[PDB]
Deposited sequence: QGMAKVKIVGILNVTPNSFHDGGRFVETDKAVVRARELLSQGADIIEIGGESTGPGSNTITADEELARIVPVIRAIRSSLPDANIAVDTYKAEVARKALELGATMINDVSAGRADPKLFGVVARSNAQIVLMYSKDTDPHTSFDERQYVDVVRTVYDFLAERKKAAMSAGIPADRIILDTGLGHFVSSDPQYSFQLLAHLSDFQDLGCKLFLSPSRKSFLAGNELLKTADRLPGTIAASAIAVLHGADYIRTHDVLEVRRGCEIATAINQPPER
């Protein structure tokens, strides 16, 4: 029996900041209602055009939300999106069990150790830039699969050297602008995702209505749900163990079909 994918539901937190906390719990409950396995909280955007926020601002955004979710939804599994060691440290103390670092441990030399001194998992994503805030850039590649594979191999090596065992390391190839503002490279990584299973780590991907799904029609975000379903399903077909998404209900259901296709006949 092949296990289904774990669905990671996005809960972004980016005078009146207390109005967000009650609404965050309502949103988290809806994500769980739709079948999310993990609620992913983040207080700092890192897409193109984003700017750096301080650790104090980042904590001020996510800590009230973590506390409220831990109190009202106590069995909910929490992940926190951060590249800052101080933020990861507080998140882990409050009960988060996953840290997702879009810098793959590069932005803060202390973050690996913080996670090493926990029982949390870390997600290491490939990005074409050193700055966790990714750029608009039509980066080309001779062989994006080789580039990303070797990058993730090296980041896994670094995470293990800092004390994180392989079984708490999750790898993400990146998709969309993190890989390139040219969409072809995201499709190539999805095509060859099974090659990354040789690194011995669970795989996490996030098609999530990214602009590489705009296609020939130049589809805006509201029109990218069919493409997000198709990409997330093929990612699972090709070895994804986690899918991060805003559309938990539909992507869970589409991924269940991928799992069923991967299921070998009766033995």
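Visitor: Please give the gaps, as residue ranges numbered from 1 in the deposited sequence, where no C-alpha is present.
Guide: In the chain as deposited, 1, 16-21 carry no coordinates.
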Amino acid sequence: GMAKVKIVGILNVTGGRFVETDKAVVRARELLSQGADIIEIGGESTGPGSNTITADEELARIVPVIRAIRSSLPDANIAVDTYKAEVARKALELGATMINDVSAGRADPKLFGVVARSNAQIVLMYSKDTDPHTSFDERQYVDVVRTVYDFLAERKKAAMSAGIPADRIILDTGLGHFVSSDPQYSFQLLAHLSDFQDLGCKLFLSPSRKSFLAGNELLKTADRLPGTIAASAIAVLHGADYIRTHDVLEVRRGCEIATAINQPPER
From here on, numbers count along this sequence of modelled residues.
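Visitor: Decide which of the stretches 116-124 and 182-190 has the higher mean C-alpha B-factor, going by the entry.
Guide: Stretch with the higher mean C-alpha B-factor: 116-124.
Visitor: On average, are the C-alpha B-factors higher in 171-179 or in 67-75?
Guide: It is 67-75 that shows the higher mean C-alpha B-factor.
Visitor: Looking at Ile243, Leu249, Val19, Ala258, which one carries the largest C-alpha B-factor according to the PDB entry?
Guide: Reading the PDB entry, the winner on C-alpha B-factor is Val19.
Visitor: Taking the Cα B-factors listed in the entry, which of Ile234, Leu218, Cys201, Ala36 comes out highest?
Guide: Largest recorded C-alpha B-factor: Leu218.
Visitor: Lowest, middle or highest third: where is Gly239 by Cα B-factor in its chain?
Guide: Lowest third - that is where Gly239 ends up once the chain's C-alpha B-factors are sorted.
Visitor: Select lowest, middle or highest to describe the third in which the CA B-factor of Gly105 falls within its chain in this entry.
Guide: As the PDB entry reports it, the C-alpha B-factor of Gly105 lands in the lowest third of its chain.
Visitor: Is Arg89 in the lowest, middle or highest third of its chain when residues are ranked by C-alpha B-factor?
Guide: Middle third by C-alpha B-factor.
Visitor: Among all modelled residues of this chain, ranked by Cα B factor, put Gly42 in the bottom, middle or top third, i.e. lowest, middle or highest.
Guide: For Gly42, the deposited C-alpha B-factor lands in the highest third.
Visitor: Classify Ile164 as lowest, middle or highest third according to the C-alpha B-factor given in the PDB entry, relative to its own chain.
Guide: Middle third - that is where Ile164 ends up once the chain's C-alpha B-factors are sorted.
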